[PDB]
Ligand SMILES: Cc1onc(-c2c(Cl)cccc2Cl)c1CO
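Encoded as structure tokens, the following chain is the form deposited without the ligand, with no partner shown.
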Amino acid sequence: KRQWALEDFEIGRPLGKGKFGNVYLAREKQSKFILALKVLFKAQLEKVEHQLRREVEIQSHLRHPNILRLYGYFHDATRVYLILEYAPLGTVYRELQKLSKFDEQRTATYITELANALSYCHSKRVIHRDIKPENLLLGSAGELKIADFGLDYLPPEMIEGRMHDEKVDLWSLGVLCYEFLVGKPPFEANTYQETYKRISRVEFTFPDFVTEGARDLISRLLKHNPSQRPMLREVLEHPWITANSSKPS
């Protein structure tokens, strides 16, 4: 067990706001490494608690270069502090907004890193990650980090009130692959009710610039019947992925 204290850190700029408190860039005073210090107000946190609890637990046991690291935690009487990895390149969402859409190389690379992280997650029994672009951070090398962390992306089984399994993550990967290449998720519409229908019927169109290999991959992942979706290893072996990914799996 390691005891941390506020005094061990040099607090820097705020990196953002969570529904429960702020996140700051911070430097640990001895090592000088740089990290994110997330603050959660004990009070409104019971407005629940002991979950997050599950959360620090889960994130603490996950050790992967494509999953945001939790280095430790400490607390006082209105605050709990999470010592988190700092992702210097920001969010993938920011990158998508700036470029409007990603090329095949960038997309296939991100999908490789995500499939690897998801495969590791599943190997540790963790499933159903929210991998929307705003929840994906970028490390120093431009490598993606799943930053889960205590409707467009919901699979049919979910919106149709059935039970779901790890196959929900494959559906997410397909929606993500489409959003990366196109700049918007595939079932986007005006009203939630119209989006629910699109998802339920797997109703979406491809822009002309989406290639043959990309369509094959996306269409397989976005199968209504979860058992018909490819396994993560089949995604990593898909020819469109092995042609375009700038990194091995």
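For the two forms, the rigid core is made up of the largest set of C-alpha atoms that agree within 1.5 Å on superposition. The first residue of the sequence shown is number 1, and the count goes up from there.
(message) Going by the PDB record, how many residues of the deposited sequence fall between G150 and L151 without any coordinates: none, 1 to 3, 4 to 9, or 10 or more?
(response) In the deposited sequence, 10 or more residues between these two have no coordinates.
(message) With respect to the deposited sequence, is there a break between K32 and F33 in this entry, and if so is it 1 to 3, 4 to 9, or 10 or more residues, or none at all?
(response) Missing in between: none.
(message) Mean Cα B factor from the PDB record: higher for 101-109, or higher for 132-140?
(response) For C-alpha atoms only, the mean B-factor is higher in 132-140.
(message) Please compare 71-79 with 89-97 and name the stretch with the higher mean C-alpha B-factor in the deposited structure.
(response) Mean CA B-factor is higher for 71-79.
(request) From the list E203, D216, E28, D208, select the residue with the highest C-alpha B factor recorded in the entry. (result) The record points to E28.
(message) Looking at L37, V182, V56, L222, which one carries the largest C-alpha B-factor according to the PDB entry?
(response) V56 has the highest C-alpha B-factor of those listed.
(request) Name the third of the chain's ranked CA B-factors that contains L176, choosing lowest, middle or highest. (result) As the PDB entry reports it, the C-alpha B-factor of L176 lands in the lowest third of its chain.
(request) Determine, from the deposited record, the chain-internal third of the Cα B-factor for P239: lowest, middle or highest. (result) Bottom third by C-alpha B-factor.
(message) By the recorded C-alpha temperature factor, relative to the other modelled residues in its chain, which third is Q3 in?
(response) Its C-alpha B-factor, which the entry lists for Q3, ranks in the highest third among residues of this chain.
(request) Would you mind checking where the Cα B-factor of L118 ranks among the modelled residues of its chain, as the lowest, middle or highest third? (result) For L118, the deposited C-alpha B-factor lands in the lowest third.
(message) Going by the CA temperature factor in the PDB record, which third of the chain does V168 belong to: lowest, middle or highest?
(response) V168: CA B-factor falls in the lowest third of its chain.
A second form of this protein, the form deposited with the ligand bound, is not displayed here; the remarks below concern that form.
(request) Examine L52 and determine whether its closest non-hydrogen atom to the ligand in the deposited bound form is within 4.5 angstroms. (result) Close contact exists here: in the deposited bound form, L52 approaches the ligand to within 4.5 Å, heavy atoms only.
(request) Report yes if any heavy atom of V80 sits within 4.5 Å of a heavy atom of the ligand in the deposited bound form; otherwise report no. (result) The answer is yes: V80 has a heavy atom within 4.5 Å of the ligand.
(message) Test of understanding: in the deposited bound form, would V202 fall inside 4.5 Å of the ligand by heavy atoms?
(response) Result no; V202 lies far from the ligand in the deposited bound form.
(request) Although the ligand is absent from this view, report whether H224 comes within 4.5 Å of it in the deposited bound form, heavy atoms only. (result) No.
(request) Taking the ligand as it sits in the deposited bound form, which residues of 66-84 have a non-hydrogen atom within 4.5 Å of it? Please list them. (result) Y73, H75, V80 sit within 4.5 Å of the partner.
(message) With the core superposed, a Cα shift of 2 Å or more between the shown form and the other one singles out one residue among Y73, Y120, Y86, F102. Which one is it?
(response) Single residue meeting the criterion: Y73.
(message) Checking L37 here: with the core superposed, does its CA move 2 Å or more between the shown form and the other one?
(response) Yes; that C-alpha moves by at least 2 Å between the shown form and the other one.
(request) Verify the C-alpha shift of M231 between the shown form and the other one: is it 2 Å or more after superposing the core? (result) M231 C-alpha, core-superposed: shift of less than 2 Å.
(message) Superposing on the rigid core, is the Cα displacement of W240 between the shown form and the other one 2 Å or more?
(response) No, the C-alpha position differs by under 2 Å between the shown form and the other one.
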